[PDB]
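Presented as structure tokens, the chain that follows is alone, the form deposited in one PDB entry.
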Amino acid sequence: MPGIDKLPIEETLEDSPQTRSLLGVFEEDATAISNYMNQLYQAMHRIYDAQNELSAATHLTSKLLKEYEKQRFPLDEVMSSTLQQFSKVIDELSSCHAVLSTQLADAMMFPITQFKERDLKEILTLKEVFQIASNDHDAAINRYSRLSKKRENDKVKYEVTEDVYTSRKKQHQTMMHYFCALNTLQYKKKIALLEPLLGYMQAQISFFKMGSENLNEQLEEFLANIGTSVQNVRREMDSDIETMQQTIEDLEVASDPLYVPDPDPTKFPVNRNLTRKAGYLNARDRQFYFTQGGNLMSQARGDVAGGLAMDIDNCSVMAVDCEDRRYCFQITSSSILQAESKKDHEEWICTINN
């Protein structure tokens, strides 16, 4: 009170240029404050938005970990458990974020907003009302100031003068209410700057404490155990990778001579003593064929189970000459079957006979 800035409400009636000046300095100031406070309100609003999103996202991450188990994954309990622990602990965190989110809205956002939506709105409003009142009183005064000294009807002089009464009353009242609001803003200014910051910090103290109590040394050990498991999977993954690369390298060499339909007669002997034989054939479409308990089964690379094709070894088999296709054959006790090579063509007939 003692040193605070104040507009002289008792000089309202006079409405002297000086007084109007002083009023001007408060508006210039009230505009600056408005500029600054709006920048602070924007920054705090972002903090409130980031915290709200952070909470939501952290909650979703946790809900996602609980759904892991409830998946239709075509292709294990320990994993399930571990995700349950992470889920749990991540929940406790989103809550901390939720709580802080709620408090921030009520101790920080609400006050700073009220300052902006109500108090700063009030200043602008009362400034216009007063401005209109001031204007109306200018007109009334110029009309009164123009009354004829010679003639002028009484009903006129009377009304014109009354207009000066009502206009000057209205101007005097709106100016005092406007001054009162500006004087008050000097208090709200301080309050609106501190209350929010105060609310923010209290919520933070509360947030860091609630969070720290769930992060015990027990969790640190659980994270240590899991840390070790993952490092183990990493080792194993690499151990298996070498093995696989080695198998591959070894298979390309071993299989190279086996890629041509017609192998070296001298190095890859026709097998005539087989009781089981499988492989693709063409049937006048291409399908995979295989032997099993006296039956020649078939399965299109598309099928999911396959089926029966013909009976075996109690049937007759002979190389057939269908169309102009090499290596065909037909059995009976079947469509025309076409092998891929002499060797292949022979192995079938011979195995089926066996």
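From 1 onward, residues are counted along the sequence shown. Superpose the two forms; the largest set of C-alphas matching within 1.5 Å is the rigid core.
The segment from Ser16 to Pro17 is modelled without interruption, since every residue of the deposited sequence in that interval carries coordinates. According to the entry, the deposited sequence has no residues without coordinates between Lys157 and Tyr158, so the chain runs continuously there.
274-282 and 227-235 differ in mean CA B-factor, and the higher of the two is recorded for 274-282.
Taking the mean C-alpha B-factor of each stretch as recorded, 236-244 and 175-183 are not equal, and the higher mean is that of 236-244. Highest C-alpha temperature factor among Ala32, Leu296, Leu40, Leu60 per the entry: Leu296. The PDB entry gives the largest Cα B-factor of the residues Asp91, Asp76, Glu122, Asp163 to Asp76. Among all modelled residues in its chain, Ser101 ranks in the lowest third by Cα B-factor. When all modelled residues of the chain are sorted by CA temperature factor, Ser55 is found within the lowest third. The deposited CA B-factor of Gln114 belongs to the lowest third of values across its chain. Ranked within its chain, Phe288 lands in the middle third, by CA B factor from the PDB record. Among the modelled residues of the chain, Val304 sits in the highest third by CA temperature factor in this PDB entry.
Unshown form deposited in another entry; subsequent notes refer to it.
Looking at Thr113, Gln186, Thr102, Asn271 after a core superposition between the shown form and the other one, you find that only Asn271 has a C-alpha shift of 2 Å or more.
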